[PDB]
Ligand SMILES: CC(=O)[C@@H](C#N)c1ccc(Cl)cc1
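Before any questions on binding or motion, here is one chain by itself as structure tokens, the form solved without the ligand.
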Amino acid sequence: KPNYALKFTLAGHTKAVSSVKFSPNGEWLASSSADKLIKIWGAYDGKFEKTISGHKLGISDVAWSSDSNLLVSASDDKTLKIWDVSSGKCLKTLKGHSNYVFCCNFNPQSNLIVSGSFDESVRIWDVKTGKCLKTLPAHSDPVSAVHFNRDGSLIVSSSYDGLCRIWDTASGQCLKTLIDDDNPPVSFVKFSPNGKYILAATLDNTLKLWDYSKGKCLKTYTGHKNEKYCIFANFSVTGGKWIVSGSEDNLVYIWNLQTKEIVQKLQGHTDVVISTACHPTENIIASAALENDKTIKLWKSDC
């Protein structure tokens, strides 16, 4: 069992925080917010670094390039923006979605960005040019999450339509549609680190690990509350192998991936924990909460 303990509370976003992510080089945490801003913080000391501004409406997601130099952000202003972190410059504004952009991610080579939108589409963008390369007719309801696999050859998407879909990056073809009894809205999805599984959150207070190729649910994680928000989930791999998620009861939940038992609940946020992130090399977790709290917390364990 881990022993995550609070180390720092990071404050100053003026509205709900939407997403927190650690830079791949482990040096930084980036946060996005309904306040239309991105903030950068020291990953190990929680020290505020800088604010990055330019979106015209709130931002629901942010993601780092593999070399930790760029960010992409997804906004209700219907665009994504690519940012040079050290200069703060907006390098490109990605236009094409017809509604809120909700989620985003770079591929491992970082030459592509994938986005999902309330317009029900998934779009694949060229980083260098800013051009949309493909528009996938992915879902029949808002797209809640998009993620590339370890070698970038696949994209997984999730939707309120109750489905998770696997896409061939090169062709745009849908290679798989995952179906689960009752088709509860899917609020989050991501590949496992080895790319063999996908972790999916549904708005019925449940997280599941799936062997998507075979359409077999291998694990189910419950105990938390998730019925209204798209809460991030994660695979913790620097120490023990955990599943980490936020929750609508203001707690961070940690489960043993194999046993499915809850091994820790982290307390002291005062609103829904919308986002959690796991450091790439240290046993550190970042968490972020909604409007009534607006703080980010950094927790650290010995294992």
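One-based numbering along the sequence shown.
Below, we refer to the form deposited with the ligand bound, which is not included among the displayed structures.
Only one segment in the set 63-71, 237-245, 48-56, 262-270 has residues whose heavy atoms sit within 4.5 Å of the ligand in the bound PDB entry; it is 237-245. Only one of the listed residues (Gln173, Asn194, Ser98, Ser213) places a non-hydrogen atom within 4.5 angstroms of the ligand in the bound PDB entry, and that residue is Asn194. This chain is displayed alone, yet in the bound PDB entry one of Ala277, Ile40, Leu251, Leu257 has a heavy atom within 4.5 Å of the ligand; that residue is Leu257.
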